[PDB]
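Here you get one chain, nothing else, as structure tokens; it is the form deposited in one PDB entry.
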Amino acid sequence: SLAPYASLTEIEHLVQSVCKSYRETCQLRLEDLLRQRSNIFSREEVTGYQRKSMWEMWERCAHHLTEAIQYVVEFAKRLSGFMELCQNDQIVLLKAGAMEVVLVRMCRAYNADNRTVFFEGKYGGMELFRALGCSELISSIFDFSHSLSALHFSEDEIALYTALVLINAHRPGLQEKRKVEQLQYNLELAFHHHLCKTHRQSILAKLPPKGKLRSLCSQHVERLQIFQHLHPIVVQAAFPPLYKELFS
């Protein structure tokens, strides 16, 4: 909501609204990800992924990331207040934040018991991604999901925290910074109210720093520039156009 001086009733309604927008666009139900924890890639399947060409593995990951971003775009379209921002600001917020929201949501698909992530129907470790040729970035993404796994978020906490990762009034290029600041503040009141009622405000000091998410996004953009030099026709022929627009 963009309402100035939002009352306690409005903040409680905003907590409910944000949680419902997230539930309708969460992509996979948490119970489905948990039910599949015993479905792990066999050693022969891992060898098969590691044998794939770099272009084939980049194309698969770009497709899966694009599908996850499509759900974040729908989350934004349903998020209280987002469609009241100007067209430019909506685009500036999604271009800088859709990838960051996906990286946060991905902690639900990470199993700390065996350090594996749900990918293409089964759970696999970072070794599954070897053919991409960006081991440092993959290892950093697994470490980031591991840091969020340790905070043990509920679905409601993910909904309120991802709304704030997206509604960031400090993004360069915003034209109505003051309007985004009001929406960000109301979402912060909603997140803090939910955390206070459930005795979870102690997680605020444990959230990843202002810089961790930007580093992962900047590394992705850098590795894609290296990939596009080695395979300049694969991107224009097979990658999703939304992916090329956001990261090229």
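Numbering starts at 1 and runs along the sequence shown. Rigid core: the largest C-alpha set superposing within 1.5 Å between the two forms. Shifts are known only where both forms have a C-alpha.
The form deposited in another entry is left out here; the points below concern that form.
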Aligning on the rigid core, do we see the C-alpha of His231 shift 2 angstroms or more between this form and the one not shown?
yes
Given that the shift is 3 Å or more, do the Cα atoms of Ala68 and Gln228 end up closer or farther apart in that other deposited form than in this form?
closer
Specify closer or farther for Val234 and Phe129: how their Cα atoms are spaced in that other deposited form versus the shown form, given a shift of 3 angstroms or more.
farther
Which residue ranges, three or more long, have every Cα moving by 2 Å or more between this form and the one not shown relative to the rigid core?
224-239
